[PDB]
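Shown next: my_file_14.cif, containing mmCIF, C-alpha atoms.
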```cif
data_query
#
loop_
_atom_site.label_atom_id
_atom_site.label_comp_id
_atom_site.auth_asym_id
_atom_site.auth_seq_id
_atom_site.Cartn_x
_atom_site.Cartn_y
_atom_site.Cartn_z
CA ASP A 1 -5.39 -6.97 -7.34
CA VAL A 2 -8.22 -6.36 -4.88
CA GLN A 3 -11.81 -5.41 -5.59
CA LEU A 4 -14.02 -3.88 -2.93
CA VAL A 5 -17.78 -3.93 -3.25
CA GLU A 6 -19.93 -2.11 -0.74
CA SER A 7 -23.60 -2.54 -0.07
CA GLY A 8 -26.03 -1.87 2.75
CA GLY A 9 -26.28 1.88 2.34
CA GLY A 10 -29.49 3.84 2.30
CA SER A 11 -31.51 6.53 4.03
CA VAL A 12 -32.57 6.01 7.62
CA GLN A 13 -33.99 8.20 10.38
CA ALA A 14 -31.80 9.70 13.09
CA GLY A 15 -31.35 7.09 15.79
CA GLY A 16 -31.83 4.37 13.22
CA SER A 17 -29.19 1.92 12.10
CA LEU A 18 -27.67 0.55 8.92
CA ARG A 19 -25.15 -2.19 8.30
CA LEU A 20 -22.68 -1.51 5.55
CA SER A 21 -20.86 -4.43 4.08
CA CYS A 22 -17.78 -4.49 1.97
CA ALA A 23 -16.79 -7.61 0.16
CA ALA A 24 -13.15 -7.84 -0.78
CA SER A 25 -12.09 -10.14 -3.55
CA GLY A 26 -8.80 -10.80 -5.24
CA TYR A 27 -5.44 -10.77 -3.47
CA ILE A 28 -7.15 -10.56 -0.08
CA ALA A 29 -3.99 -11.82 1.63
CA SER A 30 -2.34 -8.52 0.74
CA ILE A 31 -4.83 -6.62 2.86
CA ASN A 32 -3.56 -5.25 6.14
CA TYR A 33 -6.42 -2.89 6.83
CA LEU A 34 -9.96 -2.90 5.62
CA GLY A 35 -11.52 0.39 6.42
CA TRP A 36 -14.48 2.60 6.00
CA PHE A 37 -14.07 6.17 4.98
CA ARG A 38 -16.93 8.53 4.65
CA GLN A 39 -17.28 11.81 2.90
CA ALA A 40 -20.16 14.24 2.99
CA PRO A 41 -20.88 16.41 -0.05
CA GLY A 42 -18.10 18.95 -0.52
CA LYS A 43 -16.54 17.86 2.77
CA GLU A 44 -13.22 16.14 3.42
CA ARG A 45 -13.26 12.40 3.85
CA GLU A 46 -13.03 10.86 7.27
CA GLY A 47 -11.75 7.47 8.33
CA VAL A 48 -14.69 5.94 10.16
CA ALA A 49 -13.49 2.53 11.15
CA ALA A 50 -10.86 0.09 10.08
CA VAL A 51 -9.83 -3.36 11.07
CA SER A 52 -6.75 -5.40 10.35
CA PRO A 53 -7.96 -8.79 9.04
CA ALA A 54 -5.19 -10.92 10.49
CA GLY A 55 -5.34 -9.68 14.06
CA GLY A 56 -8.81 -8.19 14.09
CA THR A 57 -7.82 -4.97 15.85
CA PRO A 58 -10.48 -2.33 15.12
CA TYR A 59 -9.96 1.40 14.89
CA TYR A 60 -12.66 4.00 15.08
CA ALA A 61 -13.11 7.64 14.44
CA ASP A 62 -13.84 9.15 17.81
CA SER A 63 -17.15 10.41 16.42
CA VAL A 64 -18.36 6.87 15.89
CA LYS A 65 -16.35 4.95 18.47
CA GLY A 66 -18.68 3.50 21.05
CA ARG A 67 -21.51 3.89 18.57
CA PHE A 68 -20.50 2.27 15.29
CA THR A 69 -18.82 -1.08 15.26
CA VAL A 70 -16.75 -2.52 12.52
CA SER A 71 -16.56 -6.24 12.13
CA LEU A 72 -14.57 -8.29 9.74
CA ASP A 73 -15.56 -11.66 8.46
CA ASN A 74 -12.32 -13.17 7.28
CA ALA A 75 -14.15 -16.23 6.03
CA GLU A 76 -15.87 -14.05 3.47
CA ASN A 77 -13.26 -11.30 3.30
CA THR A 78 -16.02 -8.92 4.13
CA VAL A 79 -15.85 -6.01 6.48
CA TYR A 80 -18.98 -4.59 8.00
CA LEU A 81 -19.81 -1.29 9.52
CA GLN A 82 -22.64 -1.52 12.00
CA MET A 83 -23.99 1.99 12.07
CA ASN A 84 -26.02 2.28 15.27
CA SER A 85 -27.55 5.43 16.73
CA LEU A 86 -27.18 7.11 13.37
CA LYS A 87 -27.13 10.88 13.40
CA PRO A 88 -27.47 13.45 10.61
CA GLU A 89 -23.73 14.09 10.89
CA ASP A 90 -23.24 10.49 9.71
CA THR A 91 -24.78 11.29 6.36
CA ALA A 92 -22.13 10.76 3.71
CA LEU A 93 -20.77 8.50 1.02
CA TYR A 94 -19.18 5.55 2.78
CA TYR A 95 -16.22 4.08 1.02
CA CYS A 96 -14.74 0.76 1.74
CA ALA A 97 -10.98 0.77 1.40
CA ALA A 98 -8.17 -1.69 1.79
CA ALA A 99 -4.61 -0.86 2.62
CA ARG A 100 -1.77 -3.27 2.16
CA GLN A 101 1.05 -3.62 4.61
CA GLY A 102 3.07 -0.42 4.60
CA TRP A 103 0.39 1.88 5.96
CA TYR A 104 -0.20 2.11 9.63
CA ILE A 105 -2.68 4.87 10.26
CA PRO A 106 -5.97 2.97 9.96
CA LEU A 107 -8.19 5.98 9.68
CA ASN A 108 -5.93 7.90 7.37
CA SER A 109 -6.85 7.20 3.75
CA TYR A 110 -3.40 7.97 2.44
CA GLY A 111 -2.10 4.45 2.51
CA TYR A 112 -5.27 2.74 1.37
CA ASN A 113 -4.68 1.21 -2.00
CA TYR A 114 -8.08 -0.08 -2.90
CA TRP A 115 -11.37 1.66 -2.81
CA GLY A 116 -14.94 0.66 -3.18
CA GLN A 117 -17.44 2.76 -5.11
CA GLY A 118 -18.84 4.20 -1.92
CA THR A 119 -22.34 3.54 -0.64
CA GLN A 120 -24.54 6.47 0.31
CA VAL A 121 -25.78 6.72 3.87
CA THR A 122 -28.37 9.35 4.62
CA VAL A 123 -29.67 10.08 8.10
CA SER A 124 -32.72 12.30 8.53
CA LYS B 1 4.15 -12.05 -5.75
CA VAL B 2 7.68 -13.28 -6.24
CA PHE B 3 8.81 -12.30 -9.68
CA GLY B 4 10.85 -14.44 -11.93
CA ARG B 5 14.05 -12.74 -13.01
CA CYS B 6 12.98 -12.38 -16.62
CA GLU B 7 9.44 -11.46 -15.78
CA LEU B 8 10.79 -8.70 -13.60
CA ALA B 9 13.29 -7.69 -16.25
CA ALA B 10 10.44 -7.38 -18.71
CA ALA B 11 8.32 -5.46 -16.25
CA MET B 12 11.19 -3.14 -15.44
CA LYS B 13 11.87 -2.65 -19.12
CA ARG B 14 8.18 -1.92 -19.62
CA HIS B 15 8.57 0.71 -16.92
CA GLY B 16 11.46 2.29 -18.78
CA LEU B 17 14.16 1.30 -16.34
CA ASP B 18 16.48 0.13 -19.05
CA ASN B 19 19.19 2.78 -19.09
CA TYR B 20 17.09 4.94 -16.86
CA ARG B 21 19.46 7.63 -15.63
CA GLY B 22 22.02 5.62 -17.58
CA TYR B 23 21.58 2.41 -15.61
CA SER B 24 21.21 -0.60 -17.83
CA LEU B 25 18.26 -2.83 -17.07
CA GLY B 26 20.35 -5.51 -15.36
CA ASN B 27 21.19 -3.05 -12.62
CA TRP B 28 17.58 -2.82 -11.59
CA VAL B 29 16.89 -6.52 -11.86
CA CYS B 30 20.03 -7.23 -9.92
CA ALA B 31 19.10 -4.63 -7.31
CA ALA B 32 15.69 -6.23 -6.93
CA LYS B 33 17.30 -9.63 -6.66
CA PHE B 34 19.45 -8.67 -3.73
CA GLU B 35 17.03 -6.30 -2.12
CA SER B 36 14.03 -8.60 -2.09
CA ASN B 37 14.90 -11.69 -4.06
CA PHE B 38 12.18 -10.41 -6.43
CA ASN B 39 9.53 -10.62 -3.75
CA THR B 40 7.07 -7.76 -4.17
CA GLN B 41 5.91 -8.39 -0.63
CA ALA B 42 9.33 -8.19 0.96
CA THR B 43 9.47 -6.05 4.05
CA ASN B 44 12.38 -5.45 6.36
CA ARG B 45 11.97 -3.47 9.51
CA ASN B 46 14.92 -1.46 10.69
CA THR B 47 15.90 -0.59 14.23
CA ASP B 48 15.52 3.08 13.27
CA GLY B 49 11.77 2.57 13.03
CA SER B 50 11.77 2.72 9.25
CA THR B 51 10.90 -0.23 7.09
CA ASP B 52 12.10 -1.26 3.68
CA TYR B 53 9.24 -2.15 1.45
CA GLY B 54 8.73 -4.15 -1.62
CA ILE B 55 10.68 -5.54 -4.44
CA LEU B 56 13.24 -2.76 -4.21
CA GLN B 57 13.15 -2.49 -0.42
CA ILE B 58 12.42 1.19 -0.45
CA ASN B 59 12.85 2.81 2.92
CA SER B 60 10.02 4.52 4.73
CA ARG B 61 12.13 7.23 6.30
CA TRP B 62 12.91 8.98 3.06
CA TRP B 63 10.84 7.54 0.27
CA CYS B 64 7.35 6.49 1.17
CA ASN B 65 5.13 7.14 4.11
CA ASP B 66 4.04 4.15 6.10
CA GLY B 67 2.60 6.28 8.86
CA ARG B 68 4.84 4.88 11.54
CA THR B 69 8.26 6.15 10.54
CA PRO B 70 9.57 9.27 12.22
CA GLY B 71 11.17 11.89 9.99
CA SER B 72 9.17 10.68 7.02
CA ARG B 73 10.07 12.67 3.92
CA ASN B 74 7.96 10.58 1.59
CA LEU B 75 9.99 11.85 -1.35
CA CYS B 76 8.28 9.41 -3.64
CA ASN B 77 5.05 10.88 -2.47
CA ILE B 78 3.49 7.51 -1.90
CA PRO B 79 2.23 5.49 1.01
CA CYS B 80 4.62 2.59 1.50
CA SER B 81 1.68 0.31 1.00
CA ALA B 82 1.85 1.26 -2.66
CA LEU B 83 5.22 -0.44 -2.75
CA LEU B 84 3.70 -3.77 -1.86
CA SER B 85 1.60 -3.91 -4.99
CA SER B 86 2.05 -7.02 -7.11
CA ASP B 87 2.84 -4.80 -10.06
CA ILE B 88 6.12 -2.99 -9.69
CA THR B 89 4.94 0.40 -10.84
CA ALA B 90 5.08 2.26 -7.54
CA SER B 91 8.41 0.69 -6.69
CA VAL B 92 9.82 1.56 -10.07
CA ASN B 93 8.51 5.10 -10.00
CA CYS B 94 10.00 5.56 -6.58
CA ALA B 95 13.24 3.87 -7.55
CA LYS B 96 13.41 6.30 -10.46
CA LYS B 97 13.14 9.10 -7.96
CA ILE B 98 15.70 7.53 -5.64
CA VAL B 99 18.20 7.19 -8.47
CA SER B 100 17.42 10.61 -9.88
CA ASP B 101 18.04 12.42 -6.60
CA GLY B 104 23.13 6.85 -8.72
CA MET B 105 22.01 3.39 -7.63
CA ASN B 106 24.33 3.27 -4.66
CA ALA B 107 21.23 4.20 -2.66
CA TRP B 108 20.63 0.47 -2.76
CA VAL B 109 23.48 -0.68 -0.60
CA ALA B 110 22.39 -4.02 -2.03
CA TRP B 111 22.99 -2.74 -5.56
CA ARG B 112 26.30 -1.08 -4.77
CA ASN B 113 27.39 -4.24 -2.95
CA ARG B 114 25.99 -7.11 -5.02
CA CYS B 115 25.44 -5.56 -8.43
CA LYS B 116 27.71 -2.64 -8.98
CA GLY B 117 30.98 -3.97 -10.33
CA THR B 118 29.47 -7.13 -11.75
CA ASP B 119 28.12 -8.02 -15.16
CA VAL B 120 24.70 -6.74 -14.19
CA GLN B 121 23.40 -7.36 -17.68
CA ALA B 122 23.72 -11.05 -16.89
CA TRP B 123 20.50 -10.49 -14.97
CA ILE B 124 18.55 -9.91 -18.14
CA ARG B 125 20.03 -12.73 -20.22
CA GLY B 126 17.81 -15.52 -21.48
CA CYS B 127 14.94 -13.11 -21.06
CA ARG B 128 12.56 -12.29 -23.88
CA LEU B 129 12.99 -8.53 -23.92
#
```
Here is a file; write its structure as structure tokens.
Amino acid sequence: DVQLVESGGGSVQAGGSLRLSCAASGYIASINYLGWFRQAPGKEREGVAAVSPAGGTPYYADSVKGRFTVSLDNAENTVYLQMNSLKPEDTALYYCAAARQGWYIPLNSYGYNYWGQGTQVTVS
Amino acid sequence: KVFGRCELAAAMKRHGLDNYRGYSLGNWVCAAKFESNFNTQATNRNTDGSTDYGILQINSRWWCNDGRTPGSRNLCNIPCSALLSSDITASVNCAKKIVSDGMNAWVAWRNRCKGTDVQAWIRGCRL
């Protein structure tokens, strides 16, 4: 009932920045967490950042906390991932995901019910 | 989404709940009626830290993992968030598991459905 469309990916140089956006459409009211998960080739996915739309509380992977910022625009049901001070380790496919109520570990993909196609982020 | 009785009956029938484990369809519709009043978004938090989710108010201690319930067995092998889908699939699949492992599991069913003409719940419905 929810569609997630990411955009903003691309290749940047270490230290550079990128702003990923994820537009949610559909039964947006059913979304409790909008999050970003990333996965490098052949590596396990990692919850990067997530935010609960209603209350705006953000959650961050320690590796990006204090570096990346996640922002949610409830007016547009879009969540953004401001990727600042990008490092090679940030290279990965970044998936937007939405979890309905019933899942309370923001950076754990298990309870996310909707997924975007994943936008590639490459840091050289 | 708050299902209509018949709409839910049809959905449950579509999900093979009619006579599932020998429980006629009305049992499931009735259970849903008293568990959530057909509200797919129904949630009830319990003092034990578990929460009952969805149209069939499936508990997070044993059946689904909501990530905040201690002693989570997640026997339905699903995040509880799956139970809040507008479609009843996850709830039905889990309910099938709950009943496989009697519908008494739904105190609501045992108390408001069991012993009544549960099939009344599917009457008037195009099934």
- For chain B against chain A, which residues fall within 10 Å using all atoms listed in the file, given as a count of residues only? 24
- Got a sec to resolve the PyMOL selection byres ((chain A and resi 67) around 8) on this structure and send the residues as a VMD selection string? chain A and resid 64 to 66 68 to 69 83 to 85
- Where does the PyMOL selection byres ((chain A and resi 88) around 8) land in this file, that is, which residues does it pick, as number ranges by chain? A: 14, 86-87, 89-91, 122-124
Give me a file of those residues, with C-alpha atoms, as an mmCIF file, in the frame of the given file.
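Once written, part.cif looks like this:
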```cif
data_model
loop_
_atom_site.group_PDB
_atom_site.id
_atom_site.type_symbol
_atom_site.label_atom_id
_atom_site.label_comp_id
_atom_site.auth_asym_id
_atom_site.auth_seq_id
_atom_site.Cartn_x
_atom_site.Cartn_y
_atom_site.Cartn_z
ATOM 1 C CA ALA A 14 -31.800 9.700 13.090
ATOM 2 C CA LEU A 86 -27.180 7.110 13.370
ATOM 3 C CA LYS A 87 -27.130 10.880 13.400
ATOM 4 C CA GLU A 89 -23.730 14.090 10.890
ATOM 5 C CA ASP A 90 -23.240 10.490 9.710
ATOM 6 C CA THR A 91 -24.780 11.290 6.360
ATOM 7 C CA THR A 122 -28.370 9.350 4.620
ATOM 8 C CA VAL A 123 -29.670 10.080 8.100
ATOM 9 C CA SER A 124 -32.720 12.300 8.530
#
```
- Task: Work out how far CA of residue 12 (chain A) is from CA of residue 80 (chain A), in Å to one decimal.
- Result: 17.2 Å
- Query: Mind telling me what the PyMOL selection byres ((chain A and resi 59) around 12) catches here, as an NGL selection string?
  - Reply: :A and (33-37 or 47-53 or 56-58 or 60-66 or 68-72 or 81 or 104-108)
- Message: From the options B:8, B:88, B:42, B:99, which residue's atoms come nearest to residue 129 (chain B), counting only C-alpha atoms?
- Response: B:8
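Using all atoms listed in the file, the smallest distance between any of B:72, B:57, B:121, B:91 and residue 108 (chain B) comes from B:57.
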- Which residue gives the smallest distance to residue 94 (chain B) among B:38, B:22, B:15, B:30, with only C-alpha atoms counted?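 The shortest atom-to-atom distance to residue 94 (chain B) comes from B:15.
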- Task: Between CA of residue 73 (chain A) and CA of residue 46 (chain A), measure the distance and give it in Å to one decimal.
- Result: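 So the answer is 22.7 Å.
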- Note on the structure: Counting all atoms listed in the file, closest pick from B:45, B:5, B:97, B:61 relative to residue 31 (chain B) is B:5
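The gap separating CA of residue 2 (chain B) from CA of residue 25 (chain A) is 20.2 Å, in Å to one decimal.
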- Counting all atoms listed in the file, figure out which residue out of A:92, A:22, A:98, A:117 gets nearest to residue 76 (chain A). A:22
- Residue nearest residue 3 (chain A) among A:26, A:82, A:38, A:118 (counting all atoms listed in the file):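 Going through A:26, A:82, A:38, A:118 one by one, the smallest distance to residue 3 (chain A) is for A:26.
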- Item | Close residues, residue 109 (chain B) itself excluded, 9 Å, all atoms listed in the file, min 4 positions apart in chain, as a ChimeraX atom specification | /B:31,35,105,113-114
